[PDB]
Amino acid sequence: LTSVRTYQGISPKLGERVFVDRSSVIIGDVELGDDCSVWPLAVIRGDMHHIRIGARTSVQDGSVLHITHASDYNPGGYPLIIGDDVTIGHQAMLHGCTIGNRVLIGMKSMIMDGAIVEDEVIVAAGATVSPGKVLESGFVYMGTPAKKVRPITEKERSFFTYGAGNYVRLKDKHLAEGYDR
């Protein structure tokens, strides 16, 4: 089992009841909060910078989460910071960005260096959020580049917590199957 890998003396720190599929790859300076889930063939690579993920957040199949090293081309680099109750859809590409709490990241979407996604935002599937772009709390964004479509509805606001909740129940089923061992 080499899904959770120590890198230069730094071991990923996992909260309680974290699911990491045996086929996922997590490396180095990464923290995941309680009840997080990392699904088949996802990569979370915290080698050249740090990665911090909150509680009850899913990183779905085929997603890649990475960072940008500090250099003269990017002074200070770009770590990756992700909040609680975030649903990261299949095949997402998250790079050096900041994501708040209660956020839906659509499958196949891409969030780039220095981008900031505020609380309670929906990023539609396939969207591209450009470097340094700020997504305003309470809105749906769509397209390449991602543009504000409309405010979220009350049903959608509810879904942030319910949907993350469903993935918590699901990862508990996968944990019961022993898919992380």
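In case it trips you up, residue 1 is the first one in the sequence shown, and so on.
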query: Mean C-alpha temperature factor, higher of 150 to 158 and 24 to 32; finding: 150 to 158
query: Per the entry, higher mean C-alpha B factor between 40 to 48 and 134 to 142; finding: 134 to 142
query: Residue of maximum C-alpha B factor among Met107, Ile81, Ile111, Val103, per deposited coordinates; finding: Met107
query: Position of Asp119 among the chain's modelled residues by C-alpha B-factor, lowest, middle or highest third; finding: highest
query: Within-chain third of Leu65 by Cα B-factor, per the entry; finding: lowest
query: Third of chain Cα B-factors occupied by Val59; finding: lowest
query: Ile10 by Cα B-factor - lowest, middle or highest third of the modelled chain; finding: highest
query: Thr98, C-alpha B-factor rank within chain (lowest, middle or highest third); finding: middle
